[PDB]
Amino acid sequence: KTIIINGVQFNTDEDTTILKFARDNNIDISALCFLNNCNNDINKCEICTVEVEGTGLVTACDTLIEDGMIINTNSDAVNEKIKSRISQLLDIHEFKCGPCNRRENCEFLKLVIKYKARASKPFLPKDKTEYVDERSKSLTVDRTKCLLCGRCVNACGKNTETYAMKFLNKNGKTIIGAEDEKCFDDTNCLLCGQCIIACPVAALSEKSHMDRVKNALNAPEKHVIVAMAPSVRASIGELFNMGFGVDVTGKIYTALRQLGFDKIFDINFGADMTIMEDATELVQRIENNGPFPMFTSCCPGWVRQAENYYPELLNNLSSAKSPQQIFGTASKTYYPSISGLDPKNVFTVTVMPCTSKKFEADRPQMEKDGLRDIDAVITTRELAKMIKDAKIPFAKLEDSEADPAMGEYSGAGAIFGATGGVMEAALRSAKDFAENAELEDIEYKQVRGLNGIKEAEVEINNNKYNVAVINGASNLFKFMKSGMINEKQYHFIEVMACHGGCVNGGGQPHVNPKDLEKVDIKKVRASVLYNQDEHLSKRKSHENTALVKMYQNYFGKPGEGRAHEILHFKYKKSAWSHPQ
Ligand code: 402
Ligand code: SF4
Ligand code: SF4
Ligand code: SF4
Ligand code: SF4
Ligand code: FES
Ligand SMILES: [Mg+2]
Ligand SMILES: [Mg+2]
């Protein structure tokens, strides 16, 4: 068929939208509510407006190309309409970018500047309390910034299929929010933060723990430990104009030291701990030929999904604490034992790519003798904001190392941040354990990648076992509802709530749709972790020298005794009750 766009003739066979065809051919068309191959069907934003001869103004984002179409994307009428839409949005938008947390990477401000739009009447509510919801331990809503674009709703539907984010009718006005406008924590919401990642403005954000960290740092008697998740070192550079896929581990260590933290550890050490415990548990279930299957329990989003939809599986989840919580528990017990610090004066902070980790850290029972395992969790974005507010020249910093007592990590722990990393590491350790060997073939590429559901057969002690990696909460729903769990006997199943793994976490740096279309952020971010694992000498969790010392001199045998007593956390279904 033949297409004419801005006077240029194309002869094509594709069956696609005007927007996608124009972007494939370097023709600029604006867009806002279109994301994840979906737009806001009920109140289209119409910023992708184009003129089609014989039809009039159409939305390029959901209008398929067809033979004989003559399109104009830059006429005075088209730009007039788009600017009118942006002005109408500003009419409901508190346009005060100074203190806004999306000041530096906001799609809406970009469009406003592009079209020189201005509100017909400035939106200036002087009682913001009715527009804000800070009840959640993980999420926060600021509806003075909400464009009602629907990208959060669509993203929740696609990534989790829970539809916990919904359009609501509050006092005859349309808002976005949780079921019955409740606190997200009190619903089936997973707190995964994918809605945040899909928001083009500062309407949805993470629950800030920055004041916690500041107060702890400024308290004279507090010894503030900091430890970052695997994915942080593969991601934060994006917010300092360093590009995608840049390993900035040493820069992060140096920046953390410059921010005043008293000890620089690493959550990958806790990942090696979790692998110790989980591989021991798996080898035991194997030698006992049950119980099966065993689910990972390190992803709090998947933990909430199980609690809210599949309580019958809670008993099959590993009792090992997640890397964050296991690290914190050890930080309040073993670390004082090798340092002399009063355990009550230790304040443990984690840097996570995740908003659900905030909920996990504040679980009432995630403490001991009155000491929280983890006292504060800040997202990648939060750490970036802290670094910039301190005017630390991150991109120019020299590399430093972490304190090794709880900062060393193997490649097994290094790849935790990618989908299938936990399973690969656990297999690396479990095969050696069960066969009492030091096997050299350790790479399990079969469980890697962005496939939603990845199954594999593995040979351990010359018996065959079936493992599955569930990559995304929606894929968990598909795996369960489909009956796939019953096609064969599964023995060890990894589950991540965020497709691609923690590298695509809800607390990660925002990426504009164009950059997303030109870069596979999931793959490029996981590339850093897999390279680290490639170039590490210790690639099995149980080879971590610092962790081996910790277990030999303090915790003892993993999976039992003091180790099980302190480093484990068993989820349990709620007892039968009536009514509900
Ligand atoms: N706790 C923990 Fe994990 C580890 O180590 C992070 O820190 Fe993850 C990441 N990156 C996050 O958020 S959680 C689930 N297991 C995979 S990786
Ligand atoms: S959301 Fe964007 S346009 Fe609105 S105040 Fe924040 S930076 Fe400015
Ligand atoms: S919260 Fe963000 S993504 Fe959701 S409707 Fe409002 S502006 Fe759009
Ligand atoms: S946190 Fe996750 S489950 Fe909850 S509304 Fe947002 S995307 Fe949906
Ligand atoms: S996959 Fe990682 S970032 Fe996403 S909810 Fe689970 S732990 Fe958090
Ligand atoms: S981008 Fe097409 S209607 Fe919003
Ligand atoms: Mg549509
Ligand atoms: Mg201090």
Side-chain angles (χ1 to χ4, degrees), residues 136-139 156-157 159-165 178-179 184-194 274 277-278 281-282 285 290-326 352 354-366 416 419-420 422-423 426 452-455 466-486 489-499 501-502 505-506 568-577 580:
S136 167
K137 306 179 184 181
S138 289
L139 307 175
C156 180
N159 282 279
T160 81
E161 293 286 347
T162 75
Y163 298 89
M165 183 71 71
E179 178 81 312
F184 284 91
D185 306 7
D186 301 319
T187 76
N188 289 330
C189 174
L190 312 183
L191 307 170
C192 70
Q194 287 303 315
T274 295
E277 299 298 316
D278 268 354
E281 190 169 18
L282 180 46
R285 294 184 189 214
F292 294 119
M294 175 161 78
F295 295 91
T296 54
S297 63
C298 42
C299 169
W302 145 242
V303 170
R304 275 185 68 88
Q305 180 175 41
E307 290 178 306
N308 299 339
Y309 294 92
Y310 296 103
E312 67 274 7
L313 297 177
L314 290 177
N315 197 44
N316 303 266
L317 273 66
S318 152
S319 54
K321 279 176 169 196
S322 70
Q324 161 172 290
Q325 297 304 131
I326 219 172
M352 292 283 143
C354 180
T355 47
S356 208
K357 286 288 171 193
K358 289 172 189 278
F359 185 90
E360 188 187 3
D362 286 347
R363 278 187 179 263
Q365 280 178 93
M366 281 286 178
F416 261 53
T419 176
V422 175
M423 171 75 58
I453 293 155
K454 299 167 276 173
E455 72 107 38
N466 303 305
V467 308
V469 175
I470 308 306
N471 179 23
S474 59
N475 286 301
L476 187 285
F477 276 133
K478 174 192 201 73
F479 181 84
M480 299 314 290
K481 296 161 154 168
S482 51
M484 289 177 200
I485 193 97
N486 290 332
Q489 182 57 79
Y490 285 100
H491 304 113
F492 186 42
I493 299 171
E494 168 191 326
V495 186
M496 296 290 142
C498 302
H499 180 261
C502 293
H568 284 235
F569 193 92
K570 181 128 195 86
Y571 301 94
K572 190 68 155 54
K573 65 152 191 103
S574 190
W576 179 93
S577 82
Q580 293 296 321

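For the single chain, residues carry numbers from 1 onward in sequence order. Only heavy atoms go into these numbers, but all of them, side chains included; no hydrogens, no water, no symmetry mates.
Aromatic ring centres of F479 and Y490: separated by under 6.0 Å.
Checked against side chain to side chain donor-acceptor pair (under 3.5 Å), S319 has the following partners two or more places apart in sequence or in another chain: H568.
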Subject >> Criterion side chain to side chain contact (heavy atoms under 4.5 Å, CB included) on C299 and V422, from CA distance to verdict >> reply: CA-CA 10 Å; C299 169; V422 175; over 6 Å; no
Subject >> Intermediate values then yes/no, side chain to side chain contact (heavy atoms under 4.5 Å, CB included), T162 and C156 >> reply: CA-CA 7 Å; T162 75; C156 180; 3.6 Å; yes
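To the nearest 0.5 Å, the span separating OG1 on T419 from NE2 on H499 amounts to 7.0 Å. Rounding to the nearest 0.5 angstrom, the gap separating the CD atom in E281 from the OG1 atom in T274 is 11.5 Å. Annotation: the span from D185 atom CG to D362 atom CG amounts to 9.5 Å, rounded to 0.5 Å.
Formation of a donor-acceptor pair under 3.5 Å by the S356 side chain with backbone atoms of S138 is not found in this model. For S318 (side chain) and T296 (main-chain N/O), no donor-acceptor pair under 3.5 Å exists by modelled atom type.
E494 places none of its side-chain heavy atoms less than 4.5 Å from the side chain of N471. In this structure, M366 and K321 have side chains that are in contact, with non-hydrogen atoms separated by less than 4.5 Å. Taking 4.5 Å as the limit, some side-chain heavy atom of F184 sits within range of a side-chain heavy atom of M165. The side-chain heavy atoms of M294 and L282, taken from C-beta on, include a pair separated by under 4.5 Å. Put simply, the side chain of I453 does not reach to within 4.5 Å of the side chain of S482, judged on heavy atoms. Side-chain contact between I493 and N316: absent, with no pair of heavy atoms (C-beta onward) separated by less than 4.5 Å.
Using cut-offs of 30° and 60° for the angle between ring planes, the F292 and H491 rings count as perpendicular. Between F477 and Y310, the ring planes lie tilted relative to each other; the angle falls in the 30° to 60° range.
Among all heavy-atom pairs drawn from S297 and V303, the shortest one is O-CG2, 3.8 Å. Annotation for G506 and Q194: closest pair N-NE2, 4.3 Å, computed over non-hydrogen atoms. Closest heavy-atom contact between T355 and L191: OG1-O, 3.1 Å. Between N475 and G452 the shortest heavy-atom distance is ND2-CA, 3.3 Å. Nearest heavy-atom pair across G193 and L139 is CA-CD2, 4.3 Å. Shortest non-hydrogen contact noted between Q324 and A361 is NE2-CB, 3.8 Å.
At a cut-off of 3.5 Å, with distance as the only test, a side-chain donor of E360 or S322 sits close to an acceptor on the other residue.
Listed by first then second residue, pairs satisfying salt bridge (charged side-chain N to carboxylate O under 4.0 Å, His left out) with a partner in residues 309-320 number zero, not counting sequence neighbours. Within the structure, every pair that satisfies the salt bridge (charged side-chain N to carboxylate O under 4.0 Å, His left out) test and touches residues 294-311, not counting sequence neighbours, is listed here: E307-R363.
None of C192, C498, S474 except one satisfies the side chain to side chain contact (heavy atoms under 4.5 Å, CB included) rule with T160; the exception is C192. The side chain to side chain contact (heavy atoms under 4.5 Å, CB included) with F295 is formed by just one residue from the set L314, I470, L317, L476; it is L317.
For the pair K137 and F359, the cation-pi test (distance below 6.0 Å, angle within 45°) is passed.
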